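Visitor: Quick one, fold the following:
(2 chains)
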2 protein chains.
Amino acid sequence: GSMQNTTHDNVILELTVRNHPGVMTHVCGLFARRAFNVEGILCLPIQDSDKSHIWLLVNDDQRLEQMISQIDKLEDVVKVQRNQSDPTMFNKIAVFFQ
Amino acid sequence: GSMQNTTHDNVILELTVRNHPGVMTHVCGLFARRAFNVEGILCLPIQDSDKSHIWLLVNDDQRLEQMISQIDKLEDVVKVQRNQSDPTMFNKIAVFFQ
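Guide: Residues are numbered from 1 along each chain as shown, chains lettered A, B, ... in the order given. Sure, the structure comes next:
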């Protein structure tokens, strides 16, 4: 929660959304109104269909998971998973493409 | 309009924003109301300060650059550049971290 230089102070919040008009605005809106902004975003375009899997690097909060539960109910979110992991994962999946 | 047999259908729109409350929502809002959504997003956290440099992979449009000119006027956007390049650049800077 207190981003000093703590690498794993962030959390890897993945959600596979399909591209409905302004679905990127949904995730950005939740973390905006939360408390603190997103550190890093990885919207990896799923080439198979009209989809993209986004990893949100954001520091954990008291409201955080309640707001994940809210954004999860949006029908653009095809999938949503909460992973307590490092921003090195962000690099790994960006370079591997999966 | 949707990379069917090309890789260069998109455009690499970089903007170095500093983390004011809900600045990620600004870029997502512009491409939402534009016509077609963002293909791929790379919000690379600038570790030096409270900033992040985002590359927006989106296909070029008639309104596109007019809307870049709009979002550029927002004071969170510290820097903005329009580059007609490939999504391989997205990978390159994600893995190199710059």
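
Visitor: going forward, measure contacts and count neighbours with C-alpha atoms only.
Guide: Will do.

Visitor: How about the residues of chain A by chain B?
Guide: A:19-25, A:28-29, A:31-33, A:36-45, A:52, A:91, A:94-95 (Cα under 8 Å from any Cα of the partner chain).

Visitor: Filter those residues down to the ones in helices?
Guide: When these are checked against helices (DSSP state H), the matches are A:24-25, A:28-29, A:31-33, A:91, A:94-95.

Visitor: quick one: which of those residues is most hemmed in?
Guide: residue A:24 (26 neighbours; other Cα atoms under 10 Å in any protein chain shown).

Visitor: List the contacts of that residue.
Guide: Residues in contact with residue A:24 (Cα atoms under 8 Å, 6 or more residues apart in numbering or on different chains) are B:25, B:28, B:38.

Visitor: again, 6 Å this time
Guide: residue B:28 (Cα atoms under 6 Å, 6 or more residues apart in numbering or on different chains).

Visitor: circling back: mind putting the ones in helices among the residues of chain A next to chain B in a markdown table, distance to residue A:10 included?
Guide: As requested, these are exported to a markdown table (distance: Cα to Cα, whole Å):
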| residue | distance to residue A:10 |
| --- | --- |
| A:24 | 20 |
| A:25 | 21 |
| A:28 | 16 |
| A:29 | 18 |
| A:31 | 13 |
| A:32 | 15 |
| A:33 | 17 |
| A:91 | 14 |
| A:94 | 17 |
| A:95 | 20 |
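
Visitor: which pair in the residues you listed spans the largest distance?
Guide: With Cα to Cα as the measure, no two of these lie farther apart than A:33 and A:95, at 30.9 Å.

Visitor: what's the distance between stretch A:54-65 and the middle of its chain?
Guide: 7 Å (Cα atoms, centre = their mean, to the nearest Å).

Visitor: Quote the end-to-end distance of it.
Guide: Taking Cα to Cα, to the nearest Å, the first and last residues of stretch A:54-65 lie 16 Å apart.

Visitor: Go through stretch A:43-56 and flag the buried ones.
Guide: A:43-46, A:51-56 (16 or more other Cα atoms under 10 Å in any protein chain shown).

Visitor: which residues does the residue nearest the centre of chain A form a beta bridge with?
Guide: In chain A, the residue lying closest to the centroid (Cα atoms, centre = their mean) is residue A:56, at 2.5 Å. Beta bridges link residue A:56 to residue A:13, residue A:41, judged by DSSP bridges.

Visitor: Could you verify my assumption that it touches residue A:41?
Guide: Yes - with contact defined as Cα atoms under 6 Å, residue A:56 reaches residue A:41; the gap is 5.0 Å.

Visitor: count of neighbours near residue A:3?
Guide: Counted with other Cα under 10 Å, residue A:3 comes out at 12.

Visitor: Could you report the distance from it to residue B:23?
Guide: Distance, residue A:3 to residue B:23, using Cα to Cα: 19 Å.

Visitor: now residue A:73
Guide: Residue A:73 is 23 Å from residue B:23, by Cα to Cα.

Visitor: Residue A:38 too?
Guide: 9 Å.
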